[PDB]
Amino acid sequence: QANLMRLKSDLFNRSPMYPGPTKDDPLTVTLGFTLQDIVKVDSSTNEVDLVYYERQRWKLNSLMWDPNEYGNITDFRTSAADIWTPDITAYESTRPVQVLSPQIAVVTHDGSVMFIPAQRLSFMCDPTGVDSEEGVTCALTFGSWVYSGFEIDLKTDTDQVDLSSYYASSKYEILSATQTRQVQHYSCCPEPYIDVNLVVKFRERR
Amino acid sequence: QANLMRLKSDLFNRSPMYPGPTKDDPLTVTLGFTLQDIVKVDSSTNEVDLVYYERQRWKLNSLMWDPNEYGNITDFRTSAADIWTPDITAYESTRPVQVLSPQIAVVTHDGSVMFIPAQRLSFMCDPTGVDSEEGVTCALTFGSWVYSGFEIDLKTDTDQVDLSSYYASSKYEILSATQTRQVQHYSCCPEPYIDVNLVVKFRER
Amino acid sequence: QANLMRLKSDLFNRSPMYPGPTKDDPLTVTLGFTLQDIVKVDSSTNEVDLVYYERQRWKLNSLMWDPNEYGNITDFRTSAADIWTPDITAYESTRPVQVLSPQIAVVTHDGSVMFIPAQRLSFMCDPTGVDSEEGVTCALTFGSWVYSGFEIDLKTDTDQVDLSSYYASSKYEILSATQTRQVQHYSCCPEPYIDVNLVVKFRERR
Amino acid sequence: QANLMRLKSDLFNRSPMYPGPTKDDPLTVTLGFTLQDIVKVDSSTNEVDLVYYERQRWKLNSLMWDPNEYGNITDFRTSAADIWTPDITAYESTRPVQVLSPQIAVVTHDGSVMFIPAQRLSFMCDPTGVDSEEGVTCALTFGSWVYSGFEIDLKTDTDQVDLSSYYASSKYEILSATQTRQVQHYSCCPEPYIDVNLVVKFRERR
Amino acid sequence: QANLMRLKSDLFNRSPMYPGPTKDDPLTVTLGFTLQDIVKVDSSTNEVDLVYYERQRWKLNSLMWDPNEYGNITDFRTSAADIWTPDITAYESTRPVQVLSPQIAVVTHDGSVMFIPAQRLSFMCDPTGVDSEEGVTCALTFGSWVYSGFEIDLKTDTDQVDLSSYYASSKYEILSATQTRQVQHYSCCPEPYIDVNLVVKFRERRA
Ligand SMILES: c1cnc2cc3c(cc2n1)[C@@H]1CNC[C@H]3C1
Ligand SMILES: c1cnc2cc3c(cc2n1)[C@@H]1CNC[C@H]3C1
Ligand SMILES: c1cnc2cc3c(cc2n1)[C@@H]1CNC[C@H]3C1
Ligand SMILES: c1cnc2cc3c(cc2n1)[C@@H]1CNC[C@H]3C1
Ligand SMILES: c1cnc2cc3c(cc2n1)[C@@H]1CNC[C@H]3C1
C-alpha cells in the first residue's frame, strides 16, 4: 500500500546506502543458530554437511522512522539486498555455502533488523568415532571476515543451539550443541576478531 | 502489440512495485501440487528427490485494469521478475530448489495472478521400508518464510495432490498423496505461520 | 559497421520489446530436433541424459526492415536477450537444462528469427531393455510452458528427427526418432496447449 | 593513468560496440589451441575432459587509434566484456564449458585484438584403447555458432597444436595433436560454416 | 557515516576507474598464502583439492586521500567490485576457483589495498606416493594472466607459507610448504611473466 511504498522509498532513496560499521561507529550483531539436520558425513575427505538457520540481528539509526508519520506501520519485510548485511562467514567451510530460503529481512521502526537465512554448509570435520556411543565432536567458527572487534562485535542470546526443529529421523542424533562468543588474533592483522563458536557432538542414530 | 505494450508500461513503470502484504492488507495464496516423479532415494543420507509443479494463485488490486481502456485485453503473460511473488518455501529442503520451467506468470484484469513453477527438490525423509509393500510415508511443509498468518494465509482447492501426470514408469509408485493447510509456531517468533503439509506415501514399484 | 549499428538501434532502442504473442495476435513457432548424443542412462533413477539442438523459428513484423535503407543488409546476428524468444520447455526434465551454445540468434530482413540452442537435458525414462536388440523407447514432450494454442501455433517442419549429427561412437545407437505435433489439455486451464512429442527408440551399441 | 582512461573513453563511450560481421563485411578470426591437460576419461559415457588455452586473434578498424594522440600508448588490456568477441564454440561438448582464466583481451593500436581464455571442456570421445600403446584418437570441431562462412572465416597460424606447456604428470600423454580448418554444411542452413578441427591422439601414461 | 559516504563518492563516482597497470606505470602486488586444508586427492584424474586463503596487497596513487579532509578517516572496507583488483590466477587449476569468503577489500588513505579471498581450488597434481612416509610434492603457480613483469611484479613478504591455521584433523598432513617468486616466458608472448610458486609437500595422516 501507499504508506509502505512511501516508507520504503524514503528509507532507500533519501540516502545513499549505509557504508558499514567503523571504529567510530561500531555495530553489535546478535547471532543464534537453529540446527535442522546433519545430512552427510564423508570420512574419505573429513567433510560434514550441515543444514541450519542462522538468526542475525542488528540495529541502525539510518533504518529508524516514526510510525505515526507512516500510517502506524511499525515494521516491514524487505529483500536483504535492499539493505546492508553483516559479512558473517563460516571459517571451516570447504564449499561455497548453499542458500535454502528466500533472503528477506524484517526491519522495525526502531532501526532493528532480523534476518534468518537457511543454509547448507560443508565444512572441515573428522567424523572418526561417529558410529560409537561417545560419538564425535566438531567445531565451527562463525564471524565477520573483514571487520575486527572494534567494528563488529558479536553476542548470543543463549548458549544453547536451538534443536527444537532438528530432524527426528536424521541419520545422526545430536548429543549436545553449543554456541559461544570467542575472540582471537590472526597473523595478518593487528586487531582482535570476534566469532561465535558452534560446537556440536553427534553420533549415528540407532 | 501496442495495446499490451501500453498496458504493461502502465502497470510496471506506472507505480512502485507492490511492497508485499501487511496485517492491514493480508493476502491469501492458493497452492496446489502436481507430483511428476519421485526421482531418487538415498538411504545413506535420508534424502529424497521430487519433481513436481506447484500452482500458486493470488490476487492484487494494484495489478487491475479496465480491459475497455486497453483494446479489450483481459490477461497477459509476463516474467515473474516483473511482479511481486510469494516467498513460498519447502522447509525440509536440503539443497537449493532447482527450477525446471520458465519463470513466467499470467496476470488477469481483475488483478488475479497464476504462477506454476516446475521444480526438483531434495528434502529430508527416512525411506526405510520403501522396499516393503506397506511402503514409507514422507512429509513436506510449504510456507512463507518471513510472513506470518496475519500477512499471508494459505489455502488449497483440494486435499488431493494431483497425480494425473505422475511418471508411470517411475521407480516408485504412489500409494497416497495429500495436501493440507496447517498452523505452526516457531521458536524465534510468537506469531502463527501457515503451511501446506504434503504427505506422500510411496514404495518401490 | 555504421549501417548495422544504425539498424540495430532503430529496431531495439526506439520501440519497446515485443511483449510475446497474444490471443489477438497469434504466432507460428517452428521446431525441429537435432539429436547429438545419448550420453548416459541411469537405471537406478530412470533418468536419461540427451545432448541435442533445438531449431526454433518464428517471424515478427516489428523486426522487419528494408535493406535498401541500410546498405543492403539482409540479416544480422544478435544476443538472444535483445529479442523475445519462446518459452519452449521439456516437460519431463528432472534437472535444469544445461546450455551448451552461445545465446545468439539471426534475424532476417523479412522479420524472421532463427535461434538454435544446444542443450544437455536429463529426463525421465525407464531404460529397462536397452541392452537387448529390440531396444527401448522413450517419449519426451516439448512445448510452451505458459502459452496455449490460442497464442502459439507450434509446429514441426518434418516429422523426422535430424540424426545426421548423431555421434557415431556413442554408447547408444538410435533405432528411430520421431517428432510430432499434438494437442493436450491440462487440469489448471481450459485452453488446449500444443506440444511436440519426441519419441526415440534406442539401444546399447554393439 | 590519464591518457589510457581517455583512450578507453574515446573508444567505448563515443561510438557503441562493434555489432559483429556481415556478408559485405566479413571478419577473419585466427585460432590456435594449447593443450594443457587431459584430466579425465569416462568409458561408461564416452566423455573426455580437456583443459586448454584458446588463442583468438582478429582485427577491427573501429579499434584503431593514433598512438601520438594518446601519449605513445600502443596497446592496452581491457575486460573481454568491453569489446565484441567471437562466439567460438566446441560442437561436441557434453557439459557447459568452464572458464579457468580471467577474461581480459589486449587491444593494439592497429585495431588488432588478442584474447586467450583457458577452459575445461567435457566432450564426446570414445576412450576405447586409451591403455594400449597405439592409444586412441578423438576429434573436436571449433567454430562460430551463429556466423556462417559468409560472415566469419577461421584460420590457424600453424597446423600443430601447442604441446610445449602440457602437464607432464597427467594420467594421459599426447602422441599427436593437429588443428585444421574445414568447411561444412548443417541441416538447418544453406550457408556453409567454417570450423577448426582439433584431432588429438593420446594414451595412458606409464 | 556522512564523511565515509562522501569519501567513497569522491574516489569512485567522480574519477573514472583505474584502467590497470601499464609499462609506464607498473604495479607491485605482494602475495602471501595461508593454507587451511587439503580436502581431497583424486588419483584417477591427478587432481588435488585445496582450501586456502590468499593475502593480496597493492598501492594506487589514485586511491589516496588526506584524512583531515574527510573527518579523520584513515581507511575503509569496500566491495571488491568497487575497485580494480589484480588478475592473479592459479595456472594449474582444473575447475573454476570456488570463492569461500565475502569479497570485501580494505583501502587505506595512503592508497594501499588489502584483499584476502578464501578459496577452494582443484588443480593438476600427481599424488602418487601420498600414502607413503616420504609423501608427495606438488607445485602451484599463481600469477597475472595478462600482465607481464613490465606491468605487474610480484613479491612475498616471506618464503614460508603460513601453516598455523592448517586443519589438524585433515586426511592429509603437510610436511612443508614454500612460496617463491619466479620468472617465466610463454610461447605466445615475448615478455617475462612473474608468478609465486607454491610448493607443498604432504602425505596421508597416520599414527
Ligand atoms: C581485511 C580484509 N580481509 C581480511 C581477511 C581476514 C582477516 C582480516 C581481513 N581484514 C583475518 C580475519 N578474517 C579472515 C582473514 C584473516
Ligand atoms: C522473519 C524473518 N525470517 C524468519 C525466518 C523464520 C521464521 C520467521 C521469520 N521471520 C520462522 C518461520 N519461518 C522460517 C523461520 C522461522
Ligand atoms: C500459465 C502459467 N503457467 C502454466 C503452467 C502450466 C500450464 C499452464 C500454465 N499457464 C499447463 C500447461 N503447461 C505446463 C503447466 C500446466
Ligand atoms: C543461427 C543461429 N544458430 C545456429 C546454430 C547452428 C547453425 C546455424 C545457426 N544459425 C549451424 C552451424 N552452427 C551450429 C548450429 C548449426
Ligand atoms: C595477453 C593476453 N592473454 C595472455 C594469456 C597468456 C599468456 C599471455 C597473455 N597475454 C601467457 C601467460 N599467461 C597465460 C597465457 C599465456
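Every chain is numbered from 1 and lettered A, B, ... according to where its sequence line falls, protein lines coming before strand lines. Indexing begins at 1, ligand by ligand and atom by atom, following the structure's order. Keep in mind that the numbers below use all heavy atoms, side chains included, and drop hydrogens, waters and symmetry copies.
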Given the options A:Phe142, A:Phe123, A:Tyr166, A:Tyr167, A:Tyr52 meets ring-ring contact (aromatic ring centres under 6.0 Å, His included) only with A:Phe142

Looking only at protein heavy atoms, which one is nearest to atom 6 (C) of ligand 2, and what is the separation? B:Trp145 O, 3.6 Å

Are B:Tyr91 and B:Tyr186 near enough that their ring centres are under 6.0 Å apart? yes

Using a distance-only test with no angle check, is there a side-chain donor-acceptor pair under 3.5 angstrom linking D:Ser164 and D:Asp162? yes

Near A:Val106, which atoms of ligand 2 are under 4.0 Å from a heavy atom of that residue? 1 (C)

Say whether, by atom type as modelled, one donor and one acceptor occur between the side chain of E:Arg120 and the main chain of A:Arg95 under 3.5 angstrom. no

Ignoring hydrogens and angles, tell me if any N or O in the side chain of D:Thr78 forms a donor-acceptor pair with the backbone of D:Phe76 under 3.5 Å. no

Just to check, does B:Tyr91 reach to within less than 4.0 Å of ligand 2 when the distance is taken from its heavy atoms? yes

Backbone or side-chain N or O of D:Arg77 under 3.5 Å from ligand 5 N or O: no

What residue and atom, counting heavy atoms only, is the protein's closest point to atom 16 (C) of ligand 2, and at what distance? B:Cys188 SG, 3.8 Å

Just to confirm my output: which protein heavy-atom neighbour is closest to atom 2 (C) of ligand 2, and how far is it? B:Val146 CG1, 3.7 Å

Counting heavy atoms only, which of E:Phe115, A:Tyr193, A:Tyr147, A:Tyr186 comes nearest to atom 8 (C) of ligand 1? A:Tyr193

Which atoms of ligand 2 have any heavy atom of B:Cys189 under 4.0 Å away? 8 (C)

Distance alone, cut at 3.5 Å: any donor-acceptor contact between the side chains of A:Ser79 and A:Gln103? no

Nearest heavy atom to atom 1 (C) of ligand 2, choosing from B:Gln184, A:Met114, A:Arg55, A:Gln103, belongs to A:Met114

Going by atom types alone, do E:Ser112 and E:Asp110 pair a side-chain donor with an acceptor below 3.5 Å? yes

